[PDB]
Amino acid sequence: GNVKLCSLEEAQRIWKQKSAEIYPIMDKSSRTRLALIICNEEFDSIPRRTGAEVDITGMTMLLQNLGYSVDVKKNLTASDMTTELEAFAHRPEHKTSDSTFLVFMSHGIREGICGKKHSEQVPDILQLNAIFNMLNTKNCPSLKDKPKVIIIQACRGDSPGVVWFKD
Amino acid sequence: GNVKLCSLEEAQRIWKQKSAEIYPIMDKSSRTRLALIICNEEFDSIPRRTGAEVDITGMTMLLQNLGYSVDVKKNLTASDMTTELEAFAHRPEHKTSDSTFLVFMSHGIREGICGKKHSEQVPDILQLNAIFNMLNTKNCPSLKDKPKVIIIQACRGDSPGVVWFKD
Amino acid sequence: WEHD
Amino acid sequence: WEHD
Amino acid sequence: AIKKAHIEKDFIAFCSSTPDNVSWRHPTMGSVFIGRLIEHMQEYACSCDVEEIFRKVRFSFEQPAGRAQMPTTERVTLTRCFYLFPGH
Amino acid sequence: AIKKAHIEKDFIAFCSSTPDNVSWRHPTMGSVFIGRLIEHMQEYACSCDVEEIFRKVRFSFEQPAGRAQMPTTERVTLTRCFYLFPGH
């Protein structure tokens, strides 16, 4: 759709220049690509992430036009996120996929992503290494030798990320 | 020397294709590039890193042929490493450099690099985010908008990094 | 605008 | 060979 | 029989900001990171590999527009270029 | 006057292995990661940007030679390609 399509000619040119170092692509007719979007807009003790609805709509359409079946999940707790991940890692569609896209969107801190029931005194965060852990060769062999792209839209703390310089 | 040199012709071809998205290079006559190598071979309570001497010799020659003045430091403690870094961040040569290379080599764990006086019960490790912290725009403005490449040769734990699969 |  |  | 395989490989994270730092969001425009990732995706998916596209995104956040933000690519184990060959 | 700048930018780490995992070393051959980084550096510094060269290194560790190891590129904030233009 809105994605600028790759022409057969240029595709083979790309395919020619460095074939040996490209992740193989699975035929369009048989592959079942999966993608998972976890978005948290509603929180019990943190300001609502107003605008998420637009991000969701945005990513979903994109992934779909890229050839991915998009499973959307809203307002989960770390536990629920950890569960949904184990589920996604076990999906049968991966056996016939060539890559996968995981997308997280929610508040966050430096150590991890914030789940719906998170508070200052009682944590509810998903440690980043856990996502990498649940989708590796041991916990998800269906994706061995296949691209696993994680995209995260979350704060990494409170600092505004800037310093001043003179001029 | 042993580095395959870039020919003027191909250099400009590269310079032509996507000039706008290349980090600017400083004239060979005026730049003073700096590089720092911290290597720990001798340890007080861990098996000696036999072979380091060859890694050192290796990287040093390389960096030099790349156009870098290489400052070598051996067997330091986290403290000493943290000090040497503050020193390197303050060096005046950076003002007239276009990038920098930092190279660490020593035992390590998942959280950081091991210093000379490290033991199981009494830690002596340099947290990875600290290196990034000491060389950023705030603590080292001489390198703002300039490449800062960190290269680390260290264990990240004890796991052997492999799983079995059937075939 | 807000903080994420 | 050893572990680094 | 059996063979050994790498426990971790072919990964690539892409965060909206750098550690310790926040990311921006607008009530009727959503996250800048997102809207921008999409914009670039729609544009260069046909000719650039994912890593390159991510870089191009970081590059658009280079000049601090008040609501400063710097997207980070992390834990990359992609041993090859990943072109999305949209259109097939 | 004064302007704002990104606190963290233009960085790029490259570790010998992936988290939780060890890296190999030989008494008379040194670290594989190192000897290999060098080998590739000497070879492609003239035509490939640093990020690409790093990838090429990861790629040489793709087939597990017993002493399995997988080099990771981390905390990348390079907003541009960094060619080392050796020779000048």
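Residues numbered from 1 in each chain as written, not as in the entry; some residues may be left out. Chains lettered and ligands numbered in written order. Heavy atoms only, no water.

As recorded in the entry header, the structure was determined using X-ray crystallography to a resolution of 2.73 Å.

Chain E is annotated in the PDB entry as INTERLEUKIN-1BETA CONVERTING ENZYME of Homo sapiens.

Per the PDB entry, the recorded name for chain A is INTERLEUKIN-1BETA CONVERTING ENZYME, and the organism is Homo sapiens.

Caption draft 1: Looking closely at the UniProt feature "active site" in chain A. Taking the numbering used here, the UniProt-annotated feature "active site" corresponds to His107(A) and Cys155(A). For the annotated residues, spread through 49 residues, the largest C-alpha to C-alpha distance comes to 5.6 Å, consistent with a single compact locus. Structurally, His107(A) is set in the loop between β3 (100-105) and β4 (112-114). Accessibility expressed as a relative area gives 6% for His107(A), which makes it buried. Sequence-distant contacts of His107(A), defined by excluding residues within four places in its chain, comprise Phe43(A), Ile46(A), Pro47(A), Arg49(A), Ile113(A), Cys114(A), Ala154(A), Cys155(A), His3(C), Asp4(C) and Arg25(E). The topology assignment puts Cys155(A) in the loop between β6 (148-153) and β7 (157-159). (UniProt positions renumbered as here; feature names shortened; annotations may be inferred. Helix = DSSP H or I, 4+ residues; strand = E, 2+ residues; numbered from the N terminus. Buried < 20%, exposed > 50% of the residue type's maximum accessible area, 1.4 Å probe, protein only. Contact = heavy atoms within 4.5 Å.)

Caption draft 2: Main features of the interface of chain E and chain A. Listed as interface residues are 52 residues of chain E and, on the opposing side, 58 residues of chain A. There are three salt bridges connecting chain E and chain A. Across the salt bridge formed by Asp20(E) and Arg110(A), the nearest N and O atoms sit 3.0 Å from each other. Across the contact surface, chain E and chain A share 35 residue pairs in polar contact. Looking at the side of chain E that touches chain A, the elements that each hand over two or more residues are β1 (2-6), β2 (11-15), β3 (20-21), β4 (24-26), β5 (30-31), α1 (32-44) and β6 (72-74) of chain E. (Salt bridge = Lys/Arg side-chain N within 4 Å of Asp/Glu carboxyl O. Polar contact = N/O pair within 3.5 Å; in protein donor to acceptor, adjacent residues only side chain to side chain.)

Caption draft 3: Representation of the packing of helix α2 (residues 52-66) of chain A against α1(E). Where α2(A) contacts α1(E), the axes come no closer than 10 Å and their chain directions differ by 20°. Here α1(E) runs roughly parallel to α2(A), going by the angle between their axes. When you trace α2(A) past α1(E), the crossing you get is left-handed. Residues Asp55(A), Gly58(A), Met59(A), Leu62(A) and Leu66(A) of α2(A) form the contact with α1(E), whose participating residues are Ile34(E), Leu37(E), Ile38(E), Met41(E) and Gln42(E). Split into classes, the residues belonging to the contact of α2(A) with α1(E) amount to seven nonpolar, two polar and one charged. (Axes fitted to C-alpha atoms, helices over the stretch in contact; angles between N-to-C directions. Parallel < 35°, antiparallel > 145°, perpendicular 65-115°, else oblique. Left-handed = near helix turned anticlockwise from the far one by under 90°. Nonpolar A, V, L, I, M, F, W, Y, C, P; charged D, E, K, R; others polar.)

Caption draft 4: Examining the sheet that holds β6(A) more closely. With mixed pairing, six strands are arranged side by side in an open sheet as β2(A)-β1(A)-β3(A)-β6(A)-β2(E)-β6(E). Both edges of this open sheet fall to β2 (69-74) of chain A together with β6 of chain E, since each of them pairs with a single strand only. Sheet twist, expressed as the mean angle between neighbouring strand axes with direction ignored, is 15°. Relative to β6(A), β3(A) runs parallel, the two being bridged by six bridges. Within the sheet, the bridge partner assigned to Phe101(A) lies in β6(A) and is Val149(A). (Pairing = 2+ DSSP bridges.)

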